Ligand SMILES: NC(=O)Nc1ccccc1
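Quick heads-up: it's one chain on its own, the form solved without this ligand, in structure tokens.
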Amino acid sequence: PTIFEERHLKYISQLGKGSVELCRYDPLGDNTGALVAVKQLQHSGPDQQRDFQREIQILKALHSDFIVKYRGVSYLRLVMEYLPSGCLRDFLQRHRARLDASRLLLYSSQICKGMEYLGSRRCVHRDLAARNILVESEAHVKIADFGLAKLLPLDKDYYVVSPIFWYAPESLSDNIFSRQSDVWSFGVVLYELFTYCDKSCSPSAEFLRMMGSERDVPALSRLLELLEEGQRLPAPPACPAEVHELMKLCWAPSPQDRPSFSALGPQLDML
């Protein structure tokens, strides 16, 4: 087996905390090696470990320009491509003044094409949020963290099994996840994009406000009560009304009434 030999994976810095670190894969020892992102588990708890082998095989199998590339393994460590610009949540709040609604639409369209591919592979990400979207360059974004990703059963369109503010009502109430629960998450991502990930009006900061002053009432209970009423995240300030309408559709109470990614794609592209 031709792997990323541990002795050749030269550590540089941390990308996130298991954990992710930036390494230079230098098999020739002449410091001419390529920079790769390397994922590993730190406090290796037996259940998180089986989840890691599932994750590796999923990413290995996915081939979208909008999903992070799998590179290989080291030994367990998952080797992937390195996207230097970092997290989309950081990128939006740092360069907010230089990014217009047309550029946010380019990101929405790229995440959408990414998620559409995911669906055709009968995979459910489950953690679709701006915190797990990476930046290639100011004109290209890629989806990351397949840590929570689940493959749909060969006979079923749903799957019963923490990020509750991106979770659909069926996810909240009965732990049901499908491509349509990722459409609900996509609607929250559009909110994040169009608020430029402002800490002030984050989906987390906004729902807590809506939940009220009764903290002993379980979040899962208070959030579901709110989403059953029809209460939603507000229209982002200055957000194109055509976009906030697509957000509302992603937020339909029943999963069958939410648009598909295949349907959303042109609607985004044609604005």
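All residue numbers are counted from 1 along the displayed sequence. For clarity, a rigid core is taken as the largest C-alpha set superposing within 1.5 Å between two forms.
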*Taking the root mean square of C-alpha distances over all structures and residues in 4 other deposited structures of this protein, with a rigid core superposition, name the larger of 184-192 and 163-171.*
163-171
*Once the rigid core is lined up, would you tell me whether 231-239 or 47-55 has the higher RMS CA deviation in 4 other deposited structures of this protein?*
47-55
*Is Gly212 unbuilt in at least a third of the other PDB entries compared?*
yes
*Please figure out whether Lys17 and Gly18 are truly consecutive in the deposited sequence or have unmodelled residues between them, and give none, 1 to 3, 4 to 9, or 10 or more.*
1 to 3
_On mean Cα temperature factor in this entry, is 49-57 or 210-218 the higher one?_
210-218
*Averaging the C-alpha B factors as listed in the entry, name the stretch that ends up higher: 59-67 or 241-249.*
241-249
_Highest recorded Cα temperature factor - choice among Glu192, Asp127, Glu138, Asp100_ = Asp100
*Lowest, middle or highest third: where is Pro163 by C-alpha B factor in its chain?*
highest
_Quick check on the deposited entry: does the C-alpha B-factor of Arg89 sit in the lowest, middle or highest third of its chain?_
middle
_Third of the chain's Cα B-factor distribution that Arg131 belongs to, per the entry_ = lowest
*Sorting the chain's CA B-factors, does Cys197 end up in the lowest, middle or highest third?*
highest
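Beyond the structure shown, there is the form solved in complex with this ligand, which is absent from this document and is the topic of what follows.
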*asked:* Based on heavy atom distances of 4.5 Å or less, which listed stretch (43-51, 201-209, 235-243, 24-32) is in contact with this ligand in the deposited complex?
replied: 201-209
*Exercise: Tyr158 in contact with this ligand in the deposited complex, heavy atom 4.5 Å*: no
_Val188 within 4.5 Å of this ligand in the deposited complex, heavy atoms_ = yes
*Consider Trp184 of the chain shown here, and say whether it contacts this ligand in the deposited complex, taking contact as heavy atoms within 4.5 Å.*
yes
_Using a 4.5 angstroms cut-off on non-hydrogen atoms, would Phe261 count as touching this ligand in the deposited complex?_
no
*4.5 Å heavy atom contact with this ligand in the deposited complex for all of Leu62, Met115 and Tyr117*: no
